[PDB]
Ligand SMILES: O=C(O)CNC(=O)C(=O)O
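The chain below stands alone and is given in structure tokens; this is the form solved without N-oxalylglycine.
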């Protein structure tokens, strides 16, 4: 199939009853009201090579992992996965340094979890993670700088900030994707004025810790199905990776931030999609910030 036309969840402005906060990981977020717009998502299977991190802000690569068990967070963190991703991402970006910080495992079906969690209070967390079915970038420009100075030692962050740096997510499915694929939006098809600084809060270890804080970009709805240039690749497997630029310090033409969203298709079948996304800092220490 060459494309789908599907409903996407975009920003509801507070003056029309929109919330200020994304309560990431919670049952409530699945009941959040949005500005829904139908958008066209173009299938790029057979045409991956025409997308790259500099122009569009994303790239599909051939890359195998020796890891098949993503359920144990600590086991992922202590194994070879992070080093695998770092070596690959260093080679694709021509970077001088790559720091792999963390990952998120996704394995819950959105529809099934909606049905399962009907009696769950809003701020209760799901038993694992749903697909990210809303249009966002993981870090704002401010969010990107917060993440640098919290995930790196302060002295390194001060130094590396002086040279070009980016945040890139590496998205890999556990097995062939036959439901709820991930869509990525051409960085150039969204304008600065459509981007809105939005608190993302995750109530981990409530009540012993304050929710984990991030500053993401929410996105204003388009006026047309094709104004935002949406893209996915069908049947993506564990032998493939999607690199998504959340942030780049470069202020020339270079793609700086990619709105992404999961979406259901009418052809969805099989076991719930599962994926991991690993958040990486990329450094070119031989380049102006």
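Residue numbers count along the first chain shown, from 1.
Beyond what is shown, the protein has a form deposited with N-oxalylglycine bound; the following relates to that form.
> Are all three residues 93, 249 and 254 in contact with N-oxalylglycine in the deposited bound form, where contact means a non-hydrogen atom within 4.5 Å?
No.
> Taking N-oxalylglycine in the deposited bound form as the reference, which of 195, 88, 182, 148 has a non-hydrogen atom within 4.5 Å?
Partner contact (heavy atom, 4.5 Å) among the options: 182.
> Heavy atom within 4.5 Å of N-oxalylglycine in the deposited bound form: which of 260, 56, 231, 245?
It is 260.
> Since the chain is shown here on its own, which stretch among 187 to 195, 133 to 141, 156 to 164, 112 to 120 would lie within 4.5 Å of N-oxalylglycine in the deposited bound form, judged by heavy atoms?
Looking at the other structure, the answer is 133 to 141.
> Can you tell me if residue 273 lies within 4.5 angstroms of N-oxalylglycine in the deposited bound form, counting non-hydrogen atoms only?
Because a heavy atom of residue 273 falls inside 4.5 Å of N-oxalylglycine in the deposited bound form, the answer is yes.
> Can you tell me whether residue 171 touches N-oxalylglycine? I mean in the deposited bound form, with a 4.5 angstroms heavy atom cut-off.
Yes - in the deposited bound form, heavy atoms of residue 171 and N-oxalylglycine come within 4.5 Å of each other.
> Is there a heavy atom of residue 11 no more than 4.5 Å from a heavy atom of N-oxalylglycine in the deposited bound form?
Close contact is absent here: in the deposited bound form, residue 11 is far from N-oxalylglycine, nothing within 4.5 Å, heavy atoms only.
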